[PDB]
Amino acid sequence: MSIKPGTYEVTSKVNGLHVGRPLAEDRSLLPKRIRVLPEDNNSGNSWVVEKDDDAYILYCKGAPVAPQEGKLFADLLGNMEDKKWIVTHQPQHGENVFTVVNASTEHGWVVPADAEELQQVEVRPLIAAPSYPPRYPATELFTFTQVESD
């Protein structure tokens, strides 16, 4: 698996849309949904990927992301558990394509095939064709494209 630590733009293979947080959110410290974004509402969504021992912590607009009740959020308060992710290259699906699977829950990022703009990214057990290598549905695949920073 693994991925080089650094700063990345992330898109869903389902629709090519960026994943992250939109321009406008409440001023609360409530966990913020990570979403499929419209093309006109996706700036400031270069994720930071940091190695964390054997896994990765993934920051969107400076907050680490974590699963809760089967959905993906940015943790603004800091009390969310399960912040480590296994990020694995799936070269059979393209050069910069990855699955993202929680290191503790074993559930991975999923964008449903019929996701709408602004819909929240899910976190579910991943499924794959029993082929060699396994072939993942696009709903579980993400393109991580290294940027510079900001």
# chains A, B, ... in the order shown; residues from 1 in each chain; ligands from 1
$ closest_atom_pairs --of "segment 14-63 of chain A" --to "segment 127-146 of chain A" --cutoff "9 Å" --atoms "only C-alpha atoms" --output "JSON lines"
{"residue": "A:14", "atom": "CA", "partner": "A:138", "partner_atom": "CA", "distance": 5.0}
{"residue": "A:15", "atom": "CA", "partner": "A:138", "partner_atom": "CA", "distance": 8.7}
{"residue": "A:16", "atom": "CA", "partner": "A:143", "partner_atom": "CA", "distance": 8.6}
{"residue": "A:19", "atom": "CA", "partner": "A:142", "partner_atom": "CA", "distance": 8.9}
{"residue": "A:46", "atom": "CA", "partner": "A:146", "partner_atom": "CA", "distance": 8.8}
$ residues_around --residues "residue 102 of chain A" --least-positions-apart "5" --cutoff "8 Å" --atoms "only C-alpha atoms" --output "PyMOL selection string"
chain A and resi 82-86+107-108
$ closest_residue --among "A:119, A:147, A:100, A:39" --to "residue 58 of chain A" --atoms "only C-alpha atoms"
A:100
$ closest_residue --among "A:104, A:88, A:120, A:99" --to "residue 1 of chain A" --atoms "only C-alpha atoms"
A:88
$ atom_distance --atom1 "atom CA of residue 101 of chain A" --atom2 "atom CA of residue 148 of chain A"
24.9 Å
$ select_by_dssp --residues "segment 14-144 of chain A" --states "helix (DSSP H, G or I)" --output "MDAnalysis selection string"
chainID A and resid 91:93 138:140
$ decode --residues "segment 73-103 of chain A" --atoms "N, CA, C and O atoms" --output "PDB file, in the first residue's frame"
ATOM      1  N   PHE A  73     -15.813  12.216   8.579  1.00  0.00           N
ATOM      2  CA  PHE A  73     -15.806  13.641   9.037  1.00  0.00           C
ATOM      3  C   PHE A  73     -14.408  14.160   9.312  1.00  0.00           C
ATOM      4  O   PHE A  73     -13.508  13.369   9.602  1.00  0.00           O
ATOM      5  N   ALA A  74     -14.251  15.475   9.224  1.00  0.00           N
ATOM      6  CA  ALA A  74     -13.104  16.176   9.824  1.00  0.00           C
ATOM      7  C   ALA A  74     -13.388  16.465  11.322  1.00  0.00           C
ATOM      8  O   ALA A  74     -14.471  16.945  11.705  1.00  0.00           O
ATOM      9  N   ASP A  75     -12.415  16.126  12.172  1.00  0.00           N
ATOM     10  CA  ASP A  75     -12.589  16.242  13.626  1.00  0.00           C
ATOM     11  C   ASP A  75     -12.037  17.614  14.007  1.00  0.00           C
ATOM     12  O   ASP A  75     -10.822  17.875  13.916  1.00  0.00           O
ATOM     13  N   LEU A  76     -12.944  18.497  14.406  1.00  0.00           N
ATOM     14  CA  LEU A  76     -12.543  19.864  14.793  1.00  0.00           C
ATOM     15  C   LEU A  76     -12.331  19.960  16.318  1.00  0.00           C
ATOM     16  O   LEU A  76     -11.564  20.820  16.770  1.00  0.00           O
ATOM     17  N   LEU A  77     -13.009  19.109  17.097  1.00  0.00           N
ATOM     18  CA  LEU A  77     -12.916  19.159  18.585  1.00  0.00           C
ATOM     19  C   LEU A  77     -11.706  18.400  19.129  1.00  0.00           C
ATOM     20  O   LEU A  77     -11.083  18.841  20.136  1.00  0.00           O
ATOM     21  N   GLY A  78     -11.380  17.277  18.473  1.00  0.00           N
ATOM     22  CA  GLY A  78     -10.210  16.437  18.787  1.00  0.00           C
ATOM     23  C   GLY A  78     -10.485  15.189  19.572  1.00  0.00           C
ATOM     24  O   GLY A  78      -9.560  14.473  19.954  1.00  0.00           O
ATOM     25  N   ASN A  79     -11.763  14.914  19.834  1.00  0.00           N
ATOM     26  CA  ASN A  79     -12.126  13.751  20.597  1.00  0.00           C
ATOM     27  C   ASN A  79     -12.561  12.547  19.743  1.00  0.00           C
ATOM     28  O   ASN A  79     -13.069  11.560  20.283  1.00  0.00           O
ATOM     29  N   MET A  80     -12.408  12.622  18.420  1.00  0.00           N
ATOM     30  CA  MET A  80     -12.746  11.484  17.584  1.00  0.00           C
ATOM     31  C   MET A  80     -11.613  10.450  17.559  1.00  0.00           C
ATOM     32  O   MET A  80     -10.416  10.787  17.416  1.00  0.00           O
ATOM     33  N   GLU A  81     -12.038   9.193  17.684  1.00  0.00           N
ATOM     34  CA  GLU A  81     -11.151   8.034  17.656  1.00  0.00           C
ATOM     35  C   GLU A  81     -10.995   7.502  16.238  1.00  0.00           C
ATOM     36  O   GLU A  81     -11.756   7.876  15.328  1.00  0.00           O
ATOM     37  N   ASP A  82      -9.983   6.655  16.047  1.00  0.00           N
ATOM     38  CA  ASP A  82      -9.800   5.941  14.743  1.00  0.00           C
ATOM     39  C   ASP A  82      -9.351   6.843  13.621  1.00  0.00           C
ATOM     40  O   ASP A  82      -9.873   6.752  12.512  1.00  0.00           O
ATOM     41  N   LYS A  83      -8.333   7.680  13.890  1.00  0.00           N
ATOM     42  CA  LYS A  83      -7.775   8.622  12.913  1.00  0.00           C
ATOM     43  C   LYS A  83      -6.697   8.083  11.962  1.00  0.00           C
ATOM     44  O   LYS A  83      -6.244   8.781  11.094  1.00  0.00           O
ATOM     45  N   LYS A  84      -6.362   6.810  12.096  1.00  0.00           N
ATOM     46  CA  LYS A  84      -5.337   6.227  11.253  1.00  0.00           C
ATOM     47  C   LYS A  84      -5.966   5.428  10.111  1.00  0.00           C
ATOM     48  O   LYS A  84      -6.932   4.681  10.323  1.00  0.00           O
ATOM     49  N   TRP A  85      -5.371   5.595   8.934  1.00  0.00           N
ATOM     50  CA  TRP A  85      -5.822   4.987   7.670  1.00  0.00           C
ATOM     51  C   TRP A  85      -4.684   4.251   6.956  1.00  0.00           C
ATOM     52  O   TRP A  85      -3.530   4.739   6.917  1.00  0.00           O
ATOM     53  N   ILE A  86      -5.053   3.129   6.332  1.00  0.00           N
ATOM     54  CA  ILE A  86      -4.145   2.323   5.490  1.00  0.00           C
ATOM     55  C   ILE A  86      -4.445   2.801   4.056  1.00  0.00           C
ATOM     56  O   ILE A  86      -5.574   2.721   3.595  1.00  0.00           O
ATOM     57  N   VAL A  87      -3.453   3.375   3.395  1.00  0.00           N
ATOM     58  CA  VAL A  87      -3.660   3.992   2.089  1.00  0.00           C
ATOM     59  C   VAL A  87      -2.880   3.124   1.132  1.00  0.00           C
ATOM     60  O   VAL A  87      -1.650   3.026   1.265  1.00  0.00           O
ATOM     61  N   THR A  88      -3.569   2.476   0.182  1.00  0.00           N
ATOM     62  CA  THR A  88      -2.881   1.431  -0.592  1.00  0.00           C
ATOM     63  C   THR A  88      -2.994   1.714  -2.083  1.00  0.00           C
ATOM     64  O   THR A  88      -4.099   1.860  -2.597  1.00  0.00           O
ATOM     65  N   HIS A  89      -1.868   1.711  -2.796  1.00  0.00           N
ATOM     66  CA  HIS A  89      -1.884   1.860  -4.256  1.00  0.00           C
ATOM     67  C   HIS A  89      -2.644   0.660  -4.870  1.00  0.00           C
ATOM     68  O   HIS A  89      -2.444  -0.497  -4.467  1.00  0.00           O
ATOM     69  N   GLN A  90      -3.478   0.940  -5.850  1.00  0.00           N
ATOM     70  CA  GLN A  90      -4.153  -0.099  -6.668  1.00  0.00           C
ATOM     71  C   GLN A  90      -3.745   0.156  -8.120  1.00  0.00           C
ATOM     72  O   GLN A  90      -4.523   0.675  -8.929  1.00  0.00           O
ATOM     73  N   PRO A  91      -2.510  -0.249  -8.480  1.00  0.00           N
ATOM     74  CA  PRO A  91      -1.947   0.167  -9.781  1.00  0.00           C
ATOM     75  C   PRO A  91      -2.737  -0.412 -10.959  1.00  0.00           C
ATOM     76  O   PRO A  91      -2.710   0.147 -12.074  1.00  0.00           O
ATOM     77  N   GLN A  92      -3.471  -1.485 -10.699  1.00  0.00           N
ATOM     78  CA  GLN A  92      -4.359  -2.063 -11.720  1.00  0.00           C
ATOM     79  C   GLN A  92      -5.509  -1.164 -12.129  1.00  0.00           C
ATOM     80  O   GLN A  92      -6.171  -1.401 -13.167  1.00  0.00           O
ATOM     81  N   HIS A  93      -5.779  -0.145 -11.301  1.00  0.00           N
ATOM     82  CA  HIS A  93      -6.781   0.892 -11.584  1.00  0.00           C
ATOM     83  C   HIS A  93      -6.212   2.280 -11.991  1.00  0.00           C
ATOM     84  O   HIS A  93      -6.992   3.236 -12.218  1.00  0.00           O
ATOM     85  N   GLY A  94      -4.886   2.376 -12.085  1.00  0.00           N
ATOM     86  CA  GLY A  94      -4.187   3.579 -12.578  1.00  0.00           C
ATOM     87  C   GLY A  94      -3.110   4.033 -11.639  1.00  0.00           C
ATOM     88  O   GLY A  94      -3.114   3.676 -10.434  1.00  0.00           O
ATOM     89  N   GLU A  95      -2.177   4.820 -12.184  1.00  0.00           N
ATOM     90  CA  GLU A  95      -0.942   5.142 -11.458  1.00  0.00           C
ATOM     91  C   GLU A  95      -1.067   5.718 -10.048  1.00  0.00           C
ATOM     92  O   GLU A  95      -0.279   5.342  -9.166  1.00  0.00           O
ATOM     93  N   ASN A  96      -2.017   6.633  -9.854  1.00  0.00           N
ATOM     94  CA  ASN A  96      -2.150   7.446  -8.595  1.00  0.00           C
ATOM     95  C   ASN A  96      -3.462   7.135  -7.888  1.00  0.00           C
ATOM     96  O   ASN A  96      -4.054   8.002  -7.195  1.00  0.00           O
ATOM     97  N   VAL A  97      -3.938   5.903  -8.107  1.00  0.00           N
ATOM     98  CA  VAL A  97      -5.253   5.466  -7.554  1.00  0.00           C
ATOM     99  C   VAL A  97      -5.066   4.591  -6.270  1.00  0.00           C
ATOM    100  O   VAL A  97      -4.186   3.714  -6.248  1.00  0.00           O
ATOM    101  N   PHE A  98      -5.890   4.837  -5.240  1.00  0.00           N
ATOM    102  CA  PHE A  98      -5.683   4.241  -3.918  1.00  0.00           C
ATOM    103  C   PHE A  98      -7.002   3.813  -3.348  1.00  0.00           C
ATOM    104  O   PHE A  98      -8.058   4.391  -3.680  1.00  0.00           O
ATOM    105  N   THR A  99      -6.947   2.830  -2.455  1.00  0.00           N
ATOM    106  CA  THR A  99      -8.031   2.605  -1.517  1.00  0.00           C
ATOM    107  C   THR A  99      -7.594   3.235  -0.184  1.00  0.00           C
ATOM    108  O   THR A  99      -6.385   3.395   0.057  1.00  0.00           O
ATOM    109  N   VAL A 100      -8.556   3.597   0.650  1.00  0.00           N
ATOM    110  CA  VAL A 100      -8.280   4.185   1.987  1.00  0.00           C
ATOM    111  C   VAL A 100      -9.101   3.415   2.999  1.00  0.00           C
ATOM    112  O   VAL A 100     -10.357   3.520   2.986  1.00  0.00           O
ATOM    113  N   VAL A 101      -8.441   2.667   3.925  1.00  0.00           N
ATOM    114  CA  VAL A 101      -9.150   1.745   4.796  1.00  0.00           C
ATOM    115  C   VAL A 101      -8.733   2.022   6.251  1.00  0.00           C
ATOM    116  O   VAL A 101      -7.561   2.241   6.508  1.00  0.00           O
ATOM    117  N   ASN A 102      -9.698   2.089   7.142  1.00  0.00           N
ATOM    118  CA  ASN A 102      -9.355   2.531   8.502  1.00  0.00           C
ATOM    119  C   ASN A 102      -8.513   1.443   9.160  1.00  0.00           C
ATOM    120  O   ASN A 102      -8.866   0.274   9.081  1.00  0.00           O
ATOM    121  N   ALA A 103      -7.419   1.864   9.793  1.00  0.00           N
ATOM    122  CA  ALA A 103      -6.455   0.910  10.377  1.00  0.00           C
ATOM    123  C   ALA A 103      -7.078   0.151  11.570  1.00  0.00           C
ATOM    124  O   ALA A 103      -6.695  -1.005  11.839  1.00  0.00           O
TER     125      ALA A 103
END
